[PDB]
Amino acid sequence: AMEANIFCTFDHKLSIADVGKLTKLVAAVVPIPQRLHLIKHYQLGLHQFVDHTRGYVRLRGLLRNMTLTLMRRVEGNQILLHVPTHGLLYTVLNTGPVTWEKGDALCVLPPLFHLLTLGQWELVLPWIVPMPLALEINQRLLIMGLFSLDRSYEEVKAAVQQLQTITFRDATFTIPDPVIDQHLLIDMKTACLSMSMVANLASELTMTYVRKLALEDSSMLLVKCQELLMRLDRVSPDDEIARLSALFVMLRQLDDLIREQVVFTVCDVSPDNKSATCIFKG
Amino acid sequence: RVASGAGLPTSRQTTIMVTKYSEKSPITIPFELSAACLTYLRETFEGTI
Amino acid sequence: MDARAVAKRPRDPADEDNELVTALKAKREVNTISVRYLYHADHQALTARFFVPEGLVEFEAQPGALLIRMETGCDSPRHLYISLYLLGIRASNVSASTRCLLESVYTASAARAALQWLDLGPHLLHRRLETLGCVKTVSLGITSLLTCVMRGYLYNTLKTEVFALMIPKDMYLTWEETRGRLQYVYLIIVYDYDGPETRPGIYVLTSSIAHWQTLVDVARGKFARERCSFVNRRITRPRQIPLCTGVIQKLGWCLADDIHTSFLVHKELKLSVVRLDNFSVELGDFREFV
């Protein structure tokens, strides 16, 4: 009674020490671009995705829609990938940089800090990380991208030095900088521009729309809202249509950072902390 | 291993592998031969008692 | 490959012999262990063991209660396992008589230690707690041992007792008299944004609604006093940044024809509870709503 096992062949001569290296990565997660049956290693992981001029967020947007397979067995000239289904439970290796505990909710992240290597190929596997550190990394990286243009001053270098490191249980770990050579990548440029645009349109149109709605105010809630907006604040309608559609398209160009779906929840970890048992979730 | 009651932690699957090795300690007790004995063994001289 | 294998009936996964039986009978030995029917083989209740101190195991000898874990910022305990009945002190919805009752049962060190840990940091409870599911067994030494159920039903081994989840009456909340045929049950934590009384409101909602948008839309209209309190604390105390006025998450679903009343007994201290017999656990993460 065989199960769903994607046969992943290779295209290169390997030594016995190469298979002995690869057989240590049994219970690990692997991203796959399409739920196929027979696949090479060039479509196996993230090194096919890694762009020189595109960064973390564009890798993450191409990480929400990947079949997160495992590696059930390795043998002569082939690997047996194992597609998980929602409901069962599987062993996941602790290949992330940060340890876990009993009861956490785990999700996926690109490897910020740096395995098989070939001439053009380097096998790379994604970070698996608990949810609060994931949200902390998102809110660190967006703000560190927001300090891109004003990088020249002497205080903000110490500020991004403070923002560069995070703290978990005994994990005094730090991240790479999104800005390289004093100019932002176009990925994080779009990510910060969407936030600045939605803030600058919310601070402009909401007053007009809440004072339009205030005549049909049938609750004790919208009046406090417009009083709040009034306390903060001290044309042709096709422009309004264009502005509202611009607001919603800059919201639509943002949903890779606003949330993260829970993928794994641990149930019991291995002693010495190298693997755990996780029920898969969609 | 050995069973215990409930409420106590147990002992898992455990195996140990050791490997002895081999020393090398040669000996040499070289003997000399006085050269008269060597020159009188392997060749024959005249027939005297 | 050939037509007989796909034309054969599927192999009975239970009536075929076990791996130990097909290992023994091929070599023909005997052992003192009776083998031929393994327990838990036809199980789908995905269990998980849990160690707890004695102070958090009261009201848990009777099976069925929410084993909701927390985390403290101090490094020696990274997590702890609160019961839902022990969360009733921080519950603003719990009445004063019931609160004075259930404070007279958790008078060990661990419970009040968790109570001090809950109201100390700069966070709310939804980024402090984490839900696991229901407990069904207890070893009950001094350091006890609990086996929660993450996904599946709540049954004893050999399937002979469907265990039931109880919730206290001050956290039960239904919203329509005409209850649906199948209904789901969610975990609502609301916040009244009073200054001193920032203790949250705990609710276990049992509704027929399974969607998320039409659940939070009818959830905004039943906590509008607390929503207006959020806006009120937003305007009278600016330059403080609160968030997550309410949080919900999917706990499970029941059959709606057996959700009834009962009472827990623990050292002859009864407590009226809402009992859910054929409970299932299908977790969802803490989503929020404003």
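Residues numbered from 1 in each chain as written, not as in the entry; some residues may be left out. Chains lettered and ligands numbered in written order. Part of a larger assembly, values for the part shown. Heavy atoms only, no water.

- This entry, as listed in the PDB, derives from cryo-EM and reports a resolution of 4.2 Å.

- As recorded in the PDB entry, chain C goes by the name Triplex capsid protein 1, listed as coming from Human cytomegalovirus.
- The record deposited in the PDB is entitled "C5 portal vertex in the enveloped virion capsid".

- The name the PDB entry gives chain B is Major capsid protein, with Human cytomegalovirus as the organism.

1. Details of helix α7 (residues 237–252) of chain A
All names here are of chain A.
And step 1. Compared with an ideal rise of 1.5 Å per residue, which puts 16 residues at 22 Å, α7 spans 23 Å between its outermost C-alpha atoms and is within 8% of the ideal.
And step 2. Residues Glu240, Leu247 and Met250 constitute the buried set of α7. In an axial view of α7, the angular spread of the buried residues amounts to 100°, which keeps them on one side of the axis. Of the exposed residues in α7, those oriented more than 90 degrees away from the buried face are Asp238, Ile241, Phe248 and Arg252.
And step 3. Next to the buried residues of α7 lie α5 (186–213). (Helix = DSSP H or I, 4+ residues; strand = E, 2+ residues; numbered from the N terminus. Expected span 1.5 Å × (residues − 1). Buried < 20%, exposed > 50% of the residue type's maximum accessible area, 1.4 Å probe, protein only. Arc of directions from axis to C-beta. Contact = heavy atoms within 4.5 Å.)

2. A short note on the pattern of salt bridges
Residue and element names in this part refer to chain C.
And step 1. Taken as a whole and assessed by the stated rule, the structure comprises 11 salt bridges over all chains.
And step 2. Close ionic contact of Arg78 with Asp75 constitutes a salt bridge, the shortest N to O distance being 3.8 Å.
And step 3. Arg78 gets classed as buried once you look at its relative accessible area, which sits at 14%.
And step 4. On the basis of relative accessible area, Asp75 is assigned to the partly exposed category, the value being 48%. (Salt bridge = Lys/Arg side-chain N within 4 Å of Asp/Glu carboxyl O.)

3. Focus on the nonpolar core
And step 1. Membership of the largest hydrophobic core comes to 76 residues, with the highest contact counts inside it found for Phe50(C), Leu129(C), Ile167(C), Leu276(C) and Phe279(C).
And step 2. For this core, the element with the highest residue contribution is helix α4 (residues 109–118) of chain C, accounting for 5 residues.
And step 3. Residue contacts for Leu276(C): discarding those within four places in its chain leaves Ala164(C), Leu165(C), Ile167(C), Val185(C), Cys254(C) and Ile259(C).
And step 4. Counting 31 residues, the second largest nonpolar core, distinct from the first, contains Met131(A), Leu142(A), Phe173(A) and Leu257(A). (Core = buried A, V, L, I, M, F, W, Y, C linked by side-chain atoms within 4.5 Å.)

4. Comments concerning the packing of aromatic side chains
And step 1. For the coordinates displayed, the defined rule picks out 10 aromatic pairs over all chains.
And step 2. For the ring pair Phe264(A) and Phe280(A), a centre distance of 5.4 Å and an interplane angle of 75° mean the geometry is edge-to-face. With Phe264(A) in strand β11 (residues 264–269) and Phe280(A) in strand β12 (residues 275–280), this pair connects stretches of sequence that are 16 residues apart. Side by side, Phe264(A) and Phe280(A) carry an identical accessibility label, which is buried.
And step 3. Ring pairs connect the aromatic residues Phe113(A), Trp127(A) and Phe173(A), which therefore count as one cluster.
And step 4. Geometry around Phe263(C) places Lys270(C) over its ring, the cationic atom sitting 4.2 Å from the centre.
And step 5. Over the face of the ring belonging to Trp212(C) we find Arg287(C), whose NZ or CZ atom lies 5.0 Å from the ring centre. (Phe/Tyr/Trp six-rings, centres within 6.5 Å; stacked < 30°, edge-to-face > 60°. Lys NZ or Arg CZ within 6 Å of the ring centre and 35° of its normal.)

5. Observations regarding helix α6 (residues 222–232) of chain A
And step 1. Burial in α6(A) covers these residues: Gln226(A), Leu228(A) and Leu229(A). The arc enclosing the buried residues of α6(A), seen along the axis, measures out at 150°, which places them on a common side.
And step 2. Against α5 of chain A together with α6 (224–236) of chain C lie the buried residues of α6(A).

6. Some details on the arrangement of the chains
And step 1. Ranking by contact count across 2 pairs of chains in contact places chains A and C at the top.
And step 2. The closest approach of any C-alpha atom in chain B to one in chain C is 6 Å; the two make no contact.

7. Points about the interface of chain A and chain C
And step 1. Every contact between the two is made by 21 residues of chain A and, on the other side, 23 residues of chain C.
And step 2. Run the count over chain A and chain C and you get 1 salt bridge.
And step 3. In this structure, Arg69(C) and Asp104(A) form a salt bridge, with 2.4 Å as the shortest nitrogen-oxygen distance.
And step 4. Seen at the junction of chain A and chain C, the total is 3 residue pairs in polar contact.
And step 5. Secondary structure elements with two or more residues in the side of chain A that touches chain C: α6 and β11 of chain A. (Polar contact = N/O pair within 3.5 Å; in protein donor to acceptor, adjacent residues only side chain to side chain.)

8. Section: the sheet that holds β11(A)
Residue and element names in this part refer to chain A.
And step 1. Pairing is antiparallel across the open sheet formed by 5 strands, whose spatial order is β6-β12-β11-β7-β8. Taken across any chain shown, the strands that pair with only one partner, and hence form the sheet edges, are β6 (89–93) and β8 (127–130). For this sheet, the mean angle separating the axes of adjacent strands, direction not counted, is 45°.
And step 2. As defined by bridge partners, strand β7 (residues 105–109) adjoins β8 across 4 bridges and the pair is classed as antiparallel. Within β8, the position partnered with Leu109 by the bridge is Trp127.
And step 3. Of the strands in this sheet, β7 and β8 are in contact with helix α3 (residues 131–146), which crosses β8 at around 105°. (Pairing = 2+ DSSP bridges. Axes fitted to C-alpha atoms, helices over the stretch in contact; angles between N-to-C directions.)

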